[PDB]
Number of protein chains: 2
Amino acid sequence: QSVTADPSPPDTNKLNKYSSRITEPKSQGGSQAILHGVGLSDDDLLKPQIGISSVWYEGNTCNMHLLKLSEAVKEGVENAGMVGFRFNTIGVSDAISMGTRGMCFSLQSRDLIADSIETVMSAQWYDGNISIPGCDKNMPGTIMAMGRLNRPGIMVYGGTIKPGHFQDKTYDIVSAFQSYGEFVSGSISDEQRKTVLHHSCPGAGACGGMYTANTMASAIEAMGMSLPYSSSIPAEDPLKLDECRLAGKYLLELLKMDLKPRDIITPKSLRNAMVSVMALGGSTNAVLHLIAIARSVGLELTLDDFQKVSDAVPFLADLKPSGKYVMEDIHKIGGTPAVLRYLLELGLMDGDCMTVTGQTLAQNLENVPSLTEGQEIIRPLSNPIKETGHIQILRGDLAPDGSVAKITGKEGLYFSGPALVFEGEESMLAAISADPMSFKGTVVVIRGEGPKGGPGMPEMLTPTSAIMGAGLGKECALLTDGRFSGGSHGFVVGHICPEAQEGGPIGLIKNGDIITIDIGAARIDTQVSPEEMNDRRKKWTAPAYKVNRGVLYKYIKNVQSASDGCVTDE
Amino acid sequence: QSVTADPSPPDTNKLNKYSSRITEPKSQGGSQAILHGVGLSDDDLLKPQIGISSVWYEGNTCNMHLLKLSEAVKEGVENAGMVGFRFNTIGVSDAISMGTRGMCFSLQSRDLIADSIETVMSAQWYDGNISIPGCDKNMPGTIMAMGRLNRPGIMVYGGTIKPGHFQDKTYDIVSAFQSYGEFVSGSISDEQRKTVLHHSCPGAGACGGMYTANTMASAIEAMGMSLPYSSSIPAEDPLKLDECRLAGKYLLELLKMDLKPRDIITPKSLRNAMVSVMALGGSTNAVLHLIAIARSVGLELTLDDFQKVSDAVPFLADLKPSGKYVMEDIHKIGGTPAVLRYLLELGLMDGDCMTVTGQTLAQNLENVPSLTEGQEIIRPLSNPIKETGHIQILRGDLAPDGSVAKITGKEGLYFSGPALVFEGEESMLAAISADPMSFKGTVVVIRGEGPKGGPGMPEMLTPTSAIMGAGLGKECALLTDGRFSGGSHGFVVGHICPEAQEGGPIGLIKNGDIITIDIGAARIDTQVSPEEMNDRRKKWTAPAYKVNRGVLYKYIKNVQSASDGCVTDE
Ligand SMILES: CC(C)=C1CC[C@]23CO[C@H](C2)[C@@](O)(C(=O)O)CC[C@@H]13
Ligand SMILES: CC(C)=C1CC[C@]23CO[C@H](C2)[C@@](O)(C(=O)O)CC[C@@H]13
Ligand SMILES: CC(C)=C1CC[C@]23CO[C@H](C2)[C@@](O)(C(=O)O)CC[C@@H]13
Ligand SMILES: CC(C)=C1CC[C@]23CO[C@H](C2)[C@@](O)(C(=O)O)CC[C@@H]13
Ligand code: FES
Ligand code: FES
Ligand SMILES: [Mg+2]
Ligand SMILES: [Mg+2]
């Protein structure tokens with residue numbers, strides 16, 4: 001819990017606790033000369049300095065607008081009497097890289113982003129931070145950096161993309177991904193396929209459903225580290241620019257209070273974040289990212305913590321991918337604060353947690369308009385979509401250190417079938433192409449896709465959509481030490497630990513082993529005896545790492561297990 | 001030498017070898033929908049995609065102009081028939097962080113930059129790269145990423161800052177750093193001190209002397225990975241913008257030739273780079289960065305390689321800090337190509353190395369105007385400033401795995417003195433404050449500043465300027481496992497390996513040990529017997545790491561020794 005990462009300030013009530021290190025001593029005249037050179041007056045040197053870290057880049061719709069938002073954040077910082085210094089990190093697009101080896105680089109970019117913002121804040125002695133992520137992994141990456149530094153900070157979510165519309169039909173990135181399967185199946189022509197591709201993503205913003213971006217944005221708001229409505233204002237909405245211009249005012253107040261990320265991110269605000277995930281049907285990736293965020297502030301968060309919140313919180317929101325609505329429809333019925341107000345009224349949330357407004361969650365939500373009368377997106381507690389949360393933690397013989405599944409309650413309580421084992425996604429997809437019926441009734445195992453084996457713990461969508469299009473949805477189960485993206489109508493488990501590369505039982509499974517998934521017992525078991533499994537283990541040798549240089553070899557050297565949130569700095 | 005880091009392309013003569021992975025298969029319609037959303041037409045999808053990676057940020061003069069350069073690079077990429085996708089990494093300012101704990105974050109940002117550009121190029125499937133660094137570590141960071149990817153790439157140096165001028169007096173960042181010592185000594189008043197600070201850095205650009213930025217920029221041009229004149233055109237010069245607009249034309253040609261970084265960065269172009277360092281009196285940091293660059297392409301480069309080139313190449317350039325002129329004065333006498341033309345004419349360089357112009361170094365230099373008649377910056381081979389290079393590799397008892405020193409030839413051949421040992425820069429500076437005369441005649445050892453002990457292998461300037469201001473310049477020697485920045489008029493050695501944190505002999509030195517530096521034997525020796533040293537070693541226990549989380553704990557876990565270039569991905 002005693003984190004030692006970044007420099008500590010060189011007194012109370014001082015607003016420039018860190019930048020005074022370089023703006024005040026005569027022995028740092030070199031630093032002051034650079035600062036004059038970038039435009040600071042003598043008066044400016046007395047002011048707090050805010051690092052404004054955006055994740056702009058031009059090759060992704062989620063991120064191409066973030067420089068325009070960064071300009072607005074800087075203008076608000078200046079209007080609040082402080083100095084704004086913009087800088088920008090990298091990010092990668094899951095939508096672009098999905099289905100390719102580029103996806104091996106996606107999860108780790110969260111931790112690269114954390115390292116990047118930490119590096120700049122520490123070296124330049126900035127007093128506070130405003131981050132503008134726009135896309136899946138960007139968000140937890142910025143919060144992790146704020147937790148390590150423990151300097152006042154606010155996350156401004158870039159906002160969600162608007163749905164595409166063409167000829168009385170609604171299209172999104174899900175439409176684009178689905179289009180190829182509908183072409184091969186014969187449902188649509190090549191001409192209809194191309195139309196979907198040209199009208200799926202009309203502008204800037206993150207993916208609209210309850211995928212990782214909106215899950216994490218909502219969760220981070222719920223955790224108190226974004227301003228109210230940050231998660232539900234669309235990316236191109238003029239209110240997003242207004243939020244950007246106001247972050248500086250709110251940050252000034254945080255500096256006056258010295259309200260820091262470790263004052264805001266606590267066991268109870270972490271639970272608030274998890275409640276929001278459960279209630280909205282949020283992504284299983286939130287397990288990885290919330291664990292990493294909790295670790296970044298010196299706290300603990302286990303898989304069991306997620307299971308307890310899941311048991312305690314019903315799934316209430318009729319939102320894609322599980323349901324029919326998108327983040328804009330939440331926005332039109334009162335936004336994320338309206339949802340959280342309802343959950344707080346139900347006693348599911350703790351209102352006493354401090355937030356980046358300088359007030360408590362309860363104080364923020366006191367004044368917010370409630371959910372729109374007659375709305376059908378957020379179900380009553382009396383009529384939930386599921387009595388408990390979607391997220392389910394499975395252990396048992398084959399996942400002794402844990403695993404994560406999204407369970408709707410429609411797949412049944414059990415699946416038993418002979419294992420069909422693949423060393424990588426490629427061999428699985430080839431086998432289901434040549435011989436789809438060989439999959440009927442099996443427990444499909446795609447191993448070697450974990451943090452070290454993948455490497456990079458890639459997300460895989462093609463296995464579930466291939467299973468769906470072969471008519472095998474409820475007829476087989478899918479297990480991996482990596483991650484699955486789309487929903488089957490059957491059992492789909494990821495994050496199996498230990499991963500195959502580490503010699504976990506998943507790497508000892510053989511074709512024909514009878515595997516039994518039991519949701520009530522929360523176990524993925526094998527009919528193979530523990531003694532024969534141990535025999536296989538004694539004979540097992542770890543495969544060679546797939547890379548020997550570069551960022552992914554460093555990831556292999558540094559990354560902890562999926563049950564440990566794949567943190568890299570421990 | 002067999003590097004496995006990044007994805008390989010999914011045919012010859014194809015110009016979009018990598019982006020075809022996502023622009024051509026119907027199974028990647030999701031990728032194509034994102035690309036349409038960011039503005040690509042169907043015709044645009046057929047074009048090569050260039051990742052344009054700048055290191056812009058607002059808090060440093062070296063980097064604040066790089067977004068404007070990035071816009072020009074993109075416009076040139078489009079004018080050459082390709083698609084330009086801008087993205088931006090982080091960087092840190094050595095001028096701002098020097099003298100503070102922020103400096104522990106500076107060297108590692110080179111390797112963070114390499115990881116960042118590698119990550120984006122791999123995930124987004126870009127065909128080529130144009131990088132726009134502006135500051136010390138940025139430059140080798142971008143080349144390392146290009147070496148790992150081995151996709152056609154060009155480095156555009158951001159260019160050097162113009163000298164500040166006020167009331168018939170020339171000021172630079174060196175003036176600003178010197179100002180405090182001149183205030184404490186009484187040479188100048190507080191009023192004169194403040195004047196230097198306001199007129200030292202008038203605009204955008206890297207430091208003007210032969211510090212790391214200009215050393216590396218020149219070295220990277222000499223290595224063939226920048227266009228001719230990139231290193232010597234000033235940052236605000238309109239020709240820099242013209243260079244930016246032309247990089248796309250040159251990159252198109254590289255894609256047609258499939259001339260890749262591992263075709264350009266070879267043993268012989270690495271030697272060309274080292275020749276340029278020796279001849280210009282370049283920074284000892286170039287030892288670290290050129291080793292890392294050579295490793296990134298699967299090549300070897302040792303400390304002995306530097307000593308052999310140093311022995312073979314005289315110091316010829318009258319350039320700060322060793323001399324009086326700056327990079328702009330090279331620029332006014334024909335620039336870096338004119339210098340390299342002279343060295344090539346002397347037979348010091350290999351002209352057959354391919355470069356990013358698509359032609360050889362000799363072909364580039366055939367047409368360039370020679371050095372301005374009557375110039376006094378570049379000495380003749382008959383009258384060099386030093387018969388061999390400044391860079392000197394020392395081993396011996398106390399640096400068995402090597403060490404690096406800048407030797408002018410003025411300090412003599414020997415120094416012998418009792419050791420005065422400090423565990424960190426702070427205790428050294430306090431001791432020389434309270435008791436300066438206790439330093440007279442000693443060999444000052446500042447240990448625990450290496451890659452893992454510092455951590456971060458920080459650069460330290462205050463020890464040499466404190467020694468200078470106490471009148472002790474030629475009266476003591478300075479040794480460290482970290483790095484020293486400014487020049488003493490005596491012996492100053494850095495990069496001592498193994499570092500103290502790793503239990504190298506430097507961590508076993510005690511106050512009073514007689515240390516003898518012998519330049520001719522190239523040895524740093526101790527009078528203590530090898531048997532007593534081994535006794536000390538058997539009793540020695542490694543100190544606890546100073547951090548336990550964050551980017552610097554990861555650095556500690558990953559970094560190799562200074563003699564190994566402090567690479568992190570092996
Ligand atoms: C960030 C780095 C490089 C550090 C090395 C060891 C210390 C230095 O002082 C200690 C620990 C610290 O608590 C402070 O007083 O500032 C924080 C900073 C770190
Ligand atoms: C399931 C399909 C159709 C997706 C559309 C684009 C994304 C949505 O969010 C992104 C990419 C994803 O990384 C997540 O957050 O889960 C994976 C899933 C796919
Ligand atoms: C970059 C990553 C994650 C890789 C994992 C193992 C391989 C895959 O194929 C091999 C090696 C490769 O030579 C290719 O044919 O493309 C390069 C890419 C890497
Ligand atoms: C020696 C003094 C006065 C310097 C002025 C600013 C810089 C120059 O270059 C930068 C910072 C440095 O990182 C290098 O490249 O060596 C260290 C040295 C100091
Ligand atoms: S790919 Fe960026 S939020 Fe979906
Ligand atoms: S600090 Fe950037 S080049 Fe000197
Ligand atoms: Mg994702
Ligand atoms: Mg430097």
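Computation of the quantities below employed the complete heavy-atom set of this structure, encompassing side-chain atoms and omitting hydrogens, waters and symmetry-equivalent molecules. Atoms within each ligand, like the ligands themselves, are counted from 1 in listed order. Letters go in sequence order (proteins before strands), and every chain restarts at 1.
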>> Counting only heavy atoms, tell me which of A:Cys104, A:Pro458, A:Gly424 gets closest to atom 3 (C) of ligand 3.
In response: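 The nearest heavy atom belongs to A:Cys104.
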
> Counting only heavy atoms, which portion of A:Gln178 has something under 4.0 Å from ligand 2: side chain, backbone, both, or neither?
Replying inline: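 No part of A:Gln178 comes within reach of ligand 2.
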
>> Side chain, backbone, both or neither: which applies to A:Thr212 and ligand 2 if a contact is any heavy-atom pair less than 4.0 Å apart?
In response: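 For A:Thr212, backbone and side-chain atoms both sit under 4.0 Å from ligand 2.
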
In the protein, which heavy atom is nearest to [atom], and how far is it?
{"atom": "atom 7 (C) of ligand 2", "value": "A:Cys207 SG, 4.5 Å"}
{"atom": "atom 12 (C) of ligand 3", "value": "B:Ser8 OG, 4.1 Å"}
{"atom": "atom 11 (C) of ligand 2", "value": "A:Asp94 CB, 4.0 Å"}
{"atom": "atom 17 (C) of ligand 3", "value": "B:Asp6 O, 3.6 Å"}
{"atom": "atom 2 (C) of ligand 2", "value": "A:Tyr211 OH, 4.0 Å"}
{"atom": "atom 5 (C) of ligand 3", "value": "A:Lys546 CB, 3.6 Å"}

Side chain [X], main chain [Y], donor-acceptor under 3.5 Å:
{"X": "A:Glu449", "Y": "A:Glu425", "answer": "yes"}
{"X": "B:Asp569", "Y": "A:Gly550", "answer": "yes"}
{"X": "B:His36", "Y": "B:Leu40", "answer": "yes"}
{"X": "A:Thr480", "Y": "A:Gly494", "answer": "no"}

May I ask you to list the atoms of ligand 2 that are less than 4.0 angstrom from any heavy atom of [X]?
{"X": "A:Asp136", "result": "10 (C), 12 (C), 13 (O), 14 (C), 15 (O)"}
{"X": "A:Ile173", "result": "5 (C), 6 (C)"}
{"X": "A:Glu459", "result": "12 (C), 13 (O), 14 (C), 16 (O), 17 (C)"}

Quick test of your reading of the model: are [X] and [Y] salt-bridged, counting only N-O distances below 4.0 Å?
{"X": "A:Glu502", "Y": "A:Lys452", "answer": "yes"}
{"X": "A:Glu423", "Y": "A:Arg447", "answer": "yes"}
{"X": "A:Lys162", "Y": "A:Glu236", "answer": "yes"}

> Which one holds for B:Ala5 and ligand 3: side chain close, backbone close, both close, or neither close, with close meaning a heavy atom under 4.0 Å?
Replying inline: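 For B:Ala5, the contact with ligand 3 is made by the backbone alone.
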
> What residues form a side-chain contact (heavy atoms from CB on, under 4.5 Å) with A:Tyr211, not counting sequence neighbours?
Replying inline: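 Once residues adjacent in sequence are excluded, the partners of A:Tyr211 under the side-chain contact (heavy atoms from CB on, under 4.5 Å) criterion are A:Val174, A:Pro321.
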
Could you check whether [Y] and [X], counting side-chain N and O atoms only, form a donor-acceptor pair closer than 3.5 Å?
{"X": "B:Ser53", "Y": "B:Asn129", "answer": "yes"}
{"X": "A:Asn285", "Y": "A:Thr212", "answer": "yes"}
{"X": "A:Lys554", "Y": "B:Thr568", "answer": "yes"}
{"X": "A:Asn60", "Y": "A:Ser93", "answer": "yes"}

> Any side-chain heavy atom of A:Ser54 within less than 4.5 Å of one from A:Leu69?
Replying inline: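 Side-chain contact under 4.5 Å: no.
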
> For A:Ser485, is at least one N or O under 3.5 Å away from an N or O on ligand 2?
Replying inline: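 Min N/O separation from ligand 2 is not below 3.5 Å for A:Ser485.
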
> Between B:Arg151 and B:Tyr126, is NZ or CZ placed under 6.0 angstrom from the six-membered ring centre and within 45° of the ring axis?
Replying inline: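 Not satisfied by the 6.0 Å and 45° rule.
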
>> Which of the numbered atoms in ligand 3 are under 4.0 angstrom from any heavy atom belonging to A:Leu552?
In response: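 Counting atoms of ligand 3 from 1, those under 4.0 Å from A:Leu552 are 3 (C).
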
> If you count the atoms of ligand 3 from 1 in the order shown, which ones are under 4.0 Å from a heavy atom of A:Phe105?
Replying inline: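 Answer for ligand 3: 1 (C).
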
> Less than 4.0 Å between atom 15 (O) of ligand 3 and some protein heavy atom, yes or no?
Replying inline: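 Yes, at least one protein heavy atom sits under 4.0 Å from atom 15 (O) of ligand 3.
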
>> Strictly under 2.8 Å of atom 2 (Fe) of ligand 5: which protein N/O/S atoms qualify?
In response: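 You should have found A:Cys62 SG, A:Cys135 SG.
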
